Structures are given as C-alpha cells and as structure tokens.
Amino acid sequence: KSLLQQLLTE
Amino acid sequence: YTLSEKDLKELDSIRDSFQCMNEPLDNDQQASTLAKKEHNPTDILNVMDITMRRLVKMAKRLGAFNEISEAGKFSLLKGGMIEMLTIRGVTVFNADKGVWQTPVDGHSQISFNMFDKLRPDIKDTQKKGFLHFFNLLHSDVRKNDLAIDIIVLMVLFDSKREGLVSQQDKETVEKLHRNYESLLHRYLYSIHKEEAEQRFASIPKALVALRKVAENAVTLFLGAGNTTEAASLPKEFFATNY
Ligand SMILES: C[C@H](CCC[C@@H](C)[C@H]1CC[C@H]2C3=CC[C@H]4CC(=O)CC[C@]4(C)[C@H]3CC[C@]12C)C(=O)O
C-alpha cells in the first residue's frame, strides 16, 4: 500500500 | 567572518546526509537507462526513480527527520519530492549545453528537450518555468553543494504540506526550518560576505517559483504514451492513463 510508505518503514 | 565550531559540526552532518546523492549506481539496468543515447517518457520516469530513492534514503539518515512522527514523514516526502527533484535538476543542469549532467555517471546526459515528448499543451509552460527557477538561483549559490543542500532541507521541512496535522510535527518542522535557514544565512556570509545579504534575500523568491513549477508538473505524463513498464515509484507522483 504505497511504495513510498513502504520505503519509509523498511 | 568564520563559522563557529558548532556550525561546522552541523555542516559536517549535512555533508554526510547528502554524500549518497553523488555516488555510483551499483545497478546495471539503472546505469543502462542513464548511458542511454535516447530518453523517451518511460526512461525519464526510470531516471527519476533513481534520484527519488536516493532522496528517501537521505531523509531516513537525517536526525532532524527522525524527530517527526511517521505520518509526518510521509506527508513531508510526498509533498516535497517533486520540489527536491527539481532542485536537484537545477544543480546538475547545464544552461548552454541544454542537458542534465549527473556526477554519478560521466558521459551520461539528458536532453532538456525531452519535455517535447510530454503532455503537449503544457510542455512549453514547464520548460519555461524550469529555466525561470534555474535563472533565480545564481551560479555561485547553485555551484555550492552545502548551500543547495541546506535549501533542499528547507523545502523538505515545509510546515504547510498536506497531511502535517500533528501540532507537534508542525512545531518541530517549523523550528527545523527556522534553524536551517539561519544556518544558510550565516553560511552565505562566511563564504562570500561581498553580497551575502542580497543573495540570501533572493532565494525565497526562487522557492516560490520552485513550488509553482513542481506543482503543475504532476500531469506531464498524460498524453505522453505507454509508460506501463516505467518504475512504479515515480508513478505515484505523476499521473498516467496506463
Ligand atoms: C543519475 C541521475 C540523474 C538525474 C537527473 C535529474 C536530476 C533530472 C532528469 C529528469 C529531470 C526532470 C523531469 C521532469 C521535470 C518536470 C518539471 O516540470 C520540473 C522539473 C522535472 C522534475 C525535472 C527535474 C530534473 C530531472 C529529474 C541522478 O543524479 O540521480
């Protein structure tokens, strides 16, 4: 759900 | 005059955060898209992916950035990403040659006329708006790595981005912005007192142009052709009919 968000989390 | 030791310490920290920007790609599909003699819309999206991922990496390794809530981090990035790309575009752009020269890849250039492939009724306005923003950032300042790195952090910590609802996030972003700006002020006087004041007083005008230029850049890929194979990240910021 939103590559942007994933990049942030991981 | 000279900078205090405290400022120098901050500038070291900033220098380390951006040292990931100008570095070799350890990817071959990525280095292949750059060294490409030709850049169609799909390729431009792929190139953006490189700068964006690096932009996001830089934000993560930033102490100040890790002072904001999670929801605040996303809102800051989503909201300033095209602005930071554009800034990055200013710093590697060759006015006379009309091409972008990346420091991470020698002998690799990107035609300014790639706009001629983008949304037809808007490509002209965006070309003109990009040279405008560029022409507002004088040479001496555009060539100074630290100076532009500081401005990149000022646009990043924009207290008015859609989504910064936490009063805490808003307060800390506001303070971070104030300090970064001051740093730039004293930094400018330390490297060229002759006209630091007028140089510093002009950059806010340039930031107004940056906002406007980046803002109407979102639909540039409408009418540009099939881009389905382009990297996915950049398509979260640029609208597409694919
Ligand atoms: C190796 C790679 C080169 C990056 C060059 C990059 C800074 C250029 C290439 C395409 C350019 C733009 C495309 C869409 C346009 C759309 C606009 O109207 C604003 C400017 C914008 C974002 C420019 C900025 C500079 C970009 C990303 C890198 O340094 O990471």
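Just so it is clear: chains get the letters A, B, ... in the order the sequence lines come, proteins before strands, and each one is counted from 1. Order of listing sets the numbers, starting from 1, for every ligand and every atom in it. Only this structure's heavy atoms are used, side chains among them; waters, hydrogens and symmetry mates stay out.
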A.B. asks: Please check if the distance between the ring centroids of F115(B) and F112(B) is under 6.0 Å.
C.D. replies: yes
A.B. asks: Determine, using ring centers only, whether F200(B) and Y189(B) are less than 6.0 Å apart.
C.D. replies: no
A.B. asks: Any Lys/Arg nitrogen of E70(B) or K73(B) sitting under 4.0 Å from an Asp/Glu carboxylate oxygen of the other?
C.D. replies: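 A salt bridge links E70(B) with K73(B).
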A.B. asks: Does the side chain of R119(B) come under 3.5 Å of the side chain of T219(B) through a donor N or O and an acceptor N or O?
C.D. replies: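 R119(B) vs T219(B): donor-acceptor pair found between side chains.
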A.B. asks: Write none if no such pair exists; otherwise list each N/O atom of ligand 1 with its protein N/O partner under 3.5 Å and the distance.
C.D. replies:
from: ligand 1; atom 1: 18 (O); to: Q126(B); atom 2: NE2; distance (Å): 2.9
from: ligand 1; atom 1: 29 (O); to: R88(B); atom 2: NH2; distance (Å): 2.9
from: ligand 1; atom 1: 29 (O); to: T102(B); atom 2: OG1; distance (Å): 3.2
from: ligand 1; atom 1: 30 (O); to: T51(B); atom 2: OG1; distance (Å): 2.7

A.B. asks: Which pairs count as side-chain hydrogen bond (donor to acceptor under 3.5 Å, both in side chains) when at least one residue sits in residues 59-69 of chain B, sequence neighbours excluded?
C.D. replies: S69(B)-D169(B)
A.B. asks: What I'd like to find out is whether the side chain of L8(A) reaches to under 4.5 Å of the side chain of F74(B), using heavy atoms alone.
C.D. replies: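 The answer is yes; the side chains approach within 4.5 Å.
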